[PDB]
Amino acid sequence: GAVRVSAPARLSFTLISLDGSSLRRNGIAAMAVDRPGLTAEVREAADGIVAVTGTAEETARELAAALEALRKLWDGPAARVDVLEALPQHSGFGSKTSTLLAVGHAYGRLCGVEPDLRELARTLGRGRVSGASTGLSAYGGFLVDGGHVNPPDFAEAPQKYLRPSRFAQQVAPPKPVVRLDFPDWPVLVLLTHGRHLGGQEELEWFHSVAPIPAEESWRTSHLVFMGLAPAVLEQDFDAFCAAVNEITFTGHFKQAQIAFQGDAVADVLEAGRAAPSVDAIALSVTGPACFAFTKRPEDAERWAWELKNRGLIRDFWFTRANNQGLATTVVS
């Protein structure tokens, strides 16, 4: 028998608190979508050898390492995971956290354990900046996590803590301060020509932007918690789009992420802004995934199809929010 696990992608609106004077750092607003999706089957490896197929090399190595670590922790069998549908790696879909937690959960189910997904994220070294994929794996929908309390030594050297996930200090994953069902609105996903960053390239860029001005952290909290989140809660489409657009085009950190990718992303965001068929548009992390909202999906479809034919984007599709998170079925 196998444990078949399905999980949504994570789209990120923004990181929030990245200045040198705040009580807390990070905080992320995010939502779960069905496409791109993860589908994986976990079964007992007859030869006791951990085996992974269907993913990029980096993810395959960390999945193997995770299944070895969990084999020991839960005194369980060697597992083979066949990733039948992989989340695109390093594309703004939170692929690694979402895949590790889904496969870890499915392996848990094989072993007769039901792991706390946040505790499993901690076990696998996730959540040192973002609790987004961790929270959305458990709950789906729209969430804003509370980031991380800044220790007493933060103020004297903030760049010790204000880092990308790969270089961030060891801490537990944040918990969700806000978790809501996303309204039954369609989401337009655009794959831009944006590049994948190098680890050292990203760390140097991050230290060139953070710490951001205190007032910009505050304004970002304001746009997320007193703009995005209430509009989701009240299913107010026009209010939601105004908040998304204010973050995309004026968010200090988000503008830095856009500028780092350059025209490959900025031209698509500008085209979305000019297009009457697109009510709001956003870059997830540094992309290449962008996402858009529309009360005229029929028109936005034709606009995206033309952009793809012209080669200004790689791909586009409509999806809907996932309001559950991961699901599992036992199959042959």
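One-based numbering along the sequence shown.
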{"property": "Residue range whose averaged C-alpha B-factor is higher in the record, 102-110 or 69-77", "result": "69-77"}
{"property": "Of 221-229 and 202-210, the stretch whose C-alpha atoms average the higher B-factor in the entry", "result": "202-210"}
{"property": "Highest-ranked of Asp34, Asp299, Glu62, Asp279 once sorted by CA temperature factor in the record", "result": "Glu62"}
{"property": "Candidate residues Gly92, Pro186, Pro115, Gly141, the one whose C-alpha B factor the record puts highest", "result": "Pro115"}
{"property": "CA B-factor placement of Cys290, once the chain's modelled residues are sorted into thirds", "result": "lowest"}
{"property": "Where the record places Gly1 (Cα B-factor, split into thirds across the chain)", "result": "highest"}
{"property": "Within-chain third of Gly131 by Cα B-factor, per the entry", "result": "lowest"}
{"property": "Entry-reported Cα temperature factor of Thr97, expressed as the chain third it lands in", "result": "lowest"}
{"property": "Chain thirds of CA B-factor: placement of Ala9", "result": "lowest"}
